[PDB]
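# Architecture at a glance
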Amino acid sequence: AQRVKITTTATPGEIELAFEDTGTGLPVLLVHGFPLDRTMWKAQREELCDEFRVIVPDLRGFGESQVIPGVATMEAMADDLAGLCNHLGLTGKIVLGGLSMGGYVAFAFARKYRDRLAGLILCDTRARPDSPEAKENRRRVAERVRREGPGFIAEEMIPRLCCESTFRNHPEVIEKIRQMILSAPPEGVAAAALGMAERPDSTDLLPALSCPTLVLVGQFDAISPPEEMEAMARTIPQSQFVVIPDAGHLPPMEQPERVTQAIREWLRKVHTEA
Ligand SMILES: [Cl-]
Ligand SMILES: [Mg+2]
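Going by the header, the method for this PDB entry is X-ray crystallography, and the resolution given is 1.07 Å.

Laid out in structure tokens, this is it:
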């Protein structure tokens, strides 16, 4: 892993990002969820790198990246990704993938940097904005986590994040997720919670997308359910919809091989169509 100060068009203009960059060829940038870190995507980075160049950053406020107090908007996170790609000399097109909050970041990137996208991978995510109650919940989480840290988030979220089969067959995956959450910087968690509350509605963005899009969901995802994601895919042109069996909200970790293969075979199509 690497740590680099990048130039970003978002406040504060410069930020230190930690990231992995593994493989050669077509760049595929994978964005973790909330309140996780780059290691969420480890299996896909380690396996897809035989064929693609896989770049996996810690978002601002997460993992080993710099924490920027206040509000970390989805736009700002996307701006940081554009800055990272600029740093790396990936100044043309990329494939951008994200899970859940990382999907929100991908929408923000697509709004602003459409000419930089060869493709989008939207995993276990939603196009709608937060409802008023959800926004209030963000705010209450932000104010709590600043002072108490993310233990309460792990307690609340872990039963909702993975399916029963993962708890039974892969307790080590559950523990790895728990440690990601417990290690998340408190102010980074807070800033991202507030940022999620202010993200725009991406409903009308969907029909305007201009690249192939893979829409991936766990069969048992309790947070961004498959029926909702299917409906989302029906408004995205050039979509492919994949349900990963025997996974909840974190397919990349729960069913790593199946996720890697779905992404690999779709990337080959995108490449052929391009
Ligand atoms: Cl990793
Ligand atoms: Mg469609």
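Now that the structure has been shown, the text picks up again.
Formed by 96 residues in total, the largest nonpolar core has its most connected members in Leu96 and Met101. In contact with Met101, not counting residues within four places along its chain, are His32, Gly33, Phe34, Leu59, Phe62, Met74, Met77, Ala192 and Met196.

Before going further, it helps to examine the pattern of salt bridges. The full count for this structure, using the stated rule, is 25 salt bridges. The salt bridge partner of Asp58 is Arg38, with a shortest N-O separation of 2.8 Å. Of the two residues, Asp58 sits in the loop between β4 (53-57) and α2 (74-88) while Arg38 sits in the loop between β3 (27-31) and α1 (42-48), which places them 20 residues apart along the sequence. Classification of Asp58 by relative accessible area gives buried; the value is 1%. Under the relative-accessibility criterion, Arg38 is labelled buried at 12%. A cluster of three or more residues bridged by salt bridges with shared partners is formed by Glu20, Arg38, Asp58 and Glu64.

What follows covers the state of the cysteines. One pass over the full model with this rule turns up zero disulfides. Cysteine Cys49 is unpaired, with the sulfur of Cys85 as its nearest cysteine sulfur at 18 Å. When its relative accessible area of 23% is taken as the criterion, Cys49 is described as partly exposed. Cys163 carries a free sulfur, and the closest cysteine sulfur to it, the one in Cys162, is 7.2 Å from it.

Tracing the sequence through the fold places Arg53 in strand β4. A polar side-chain atom of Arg53 sits 2.8 Å from a polar atom in the side chain of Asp21. Leaving out residues up to four positions away in the same chain, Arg53 has contacts with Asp21, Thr22, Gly23, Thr24, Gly25, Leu26, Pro27, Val28, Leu88 and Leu90.

All right, on to the packing of aromatic side chains then. If you walk through the whole model with that rule in mind, you get two aromatic pairs. Between the aromatic rings of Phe34 and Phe62, the centroid separation amounts to 6.3 Å while the plane-to-plane angle is 80°, which identifies the pairing as edge-to-face. Within this pair, whereas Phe34 is found in the loop between β3 and α1, its partner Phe62 is found in the loop between β4 and α2, the two being separated by 28 residues in sequence. Considering the side-chain rings of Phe109 and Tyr113, the 5.0 Å spacing of their centres and the 40° angle between planes classify their relative orientation as tilted. The two residues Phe109 and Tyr113 agree in class, both being buried. The ring of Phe152 is capped by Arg144, whose NZ or CZ atom sits 4.3 Å from the centre of that ring.

Rules and cut-offs
- Residues numbered from 1 in each chain as written, not as in the entry; some residues may be left out.
- Chains lettered and ligands numbered in written order.
- Heavy atoms only, no water.
- Core = buried A, V, L, I, M, F, W, Y, C linked by side-chain atoms within 4.5 Å.
- Buried < 20%, exposed > 50% of the residue type's maximum accessible area, 1.4 Å probe, protein only.
- Contact = heavy atoms within 4.5 Å.
- Salt bridge = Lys/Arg side-chain N within 4 Å of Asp/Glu carboxyl O.
- Helix = DSSP H or I, 4+ residues; strand = E, 2+ residues; numbered from the N terminus.
- Disulfide = S-S within 2.5 Å.
- Polar contact = N/O pair within 3.5 Å; in protein donor to acceptor, adjacent residues only side chain to side chain.
- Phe/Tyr/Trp six-rings, centres within 6.5 Å; stacked < 30°, edge-to-face > 60°.
- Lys NZ or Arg CZ within 6 Å of the ring centre and 35° of its normal.

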